[PDB]
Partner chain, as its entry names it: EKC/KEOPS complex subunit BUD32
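Starting off, we have a lone chain in the form solved without its partner chain, written out as structure tokens.
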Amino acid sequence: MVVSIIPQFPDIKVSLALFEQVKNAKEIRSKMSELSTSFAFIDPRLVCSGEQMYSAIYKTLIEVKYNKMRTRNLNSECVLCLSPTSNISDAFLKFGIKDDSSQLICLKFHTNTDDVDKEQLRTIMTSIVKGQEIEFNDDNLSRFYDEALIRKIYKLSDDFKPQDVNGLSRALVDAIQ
């Protein structure tokens, strides 16, 4: 897993873990709203890069710090900011894990943590998720995204013709920012 801190928001830490060969996506999805106070579970088919996720996390803390929290918690707020929609139920429907998900991103905002307990967190995540943790990095995210779904959901122009994941990513960061 990765623990990420934005310089201009020094008291917030976000942990990101990536899981593959996930077996219990259905069970997790059924408890998604209840689980949101502890984790967001995001469908990697919609996420092509780390910078996409970091851009969403930044946008989240900006909206919350310099505006208003629209949802019940930061984990959910981040899913809302990752998505083009203004409605959280729509964001969960599109970006949350699906019954048929075989990979997932597990995200958690820590506000009160002075120093994240990485072994405890990993233990809890793996108690909830039945799958194999792999590194949260661009090499792995590049494997699991679905350009078609991404194009449709972020409303990318058919004219828009990226040459690689870097180009696609850059356009998503733009949509998000």
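Take the two forms, superpose them, and find the largest set of C-alpha atoms that agree within 1.5 Å; that set is the rigid core. Positions refer to the first chain, counted from 1.
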Core-aligned, which moves more in 4 other deposited structures of this protein: 14 to 22 or 165 to 173, by CA RMS?
165 to 173
Outlying stretch relative to shown form, 53 to 61 versus 24 to 32 in 4 other deposited structures of this protein, C-alpha RMS (core):
24 to 32
Do at least a third of the other compared PDB entries leave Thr113 without coordinates?
yes
Missing-residue flag, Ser127, threshold a third of other entries
no
Mean temperature factor over C-alpha atoms, higher-scoring stretch between 154 to 162 and 17 to 25
154 to 162
Mean Cα B-factor comparison, 67 to 75 or 83 to 91, giving the higher one as deposited:
67 to 75
Per the entry, which of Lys118, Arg45, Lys59, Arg143 tops the list for Cα B factor?
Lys118
Have a look at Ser33, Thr113, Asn137, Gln52 and flag the one whose Cα has the highest B-factor in the entry.
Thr113
Can you tell me whether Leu149 has a C-alpha B-factor in the lowest, middle or highest third compared with the other modelled residues of the same chain?
middle
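The following text describes the form solved in complex with its partner chain, which does not appear among the structures shown.
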The stretch from 23 to 31, 60 to 68, 140 to 148, 116 to 124 that lies within 4.5 Å of its partner chain in the deposited complex, judged by heavy atoms, is 60 to 68
Hey, with its partner chain in the deposited complex, do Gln8, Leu156 and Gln177 all fall inside the 4.5 Å heavy atom range?
yes
Any non-hydrogen atom of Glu135 within 4.5 angstroms of its partner chain in the deposited complex:
no
Any of the heavy atoms of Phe109 lying within 4.5 Å of its partner chain in the deposited complex?
no
Is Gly131 one of the residues lying within 4.5 Å of its partner chain in the deposited complex, judged by heavy atom distances?
no
In the deposited complex, does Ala171 come within 4.5 Å of its partner chain, counting heavy atoms only?
yes
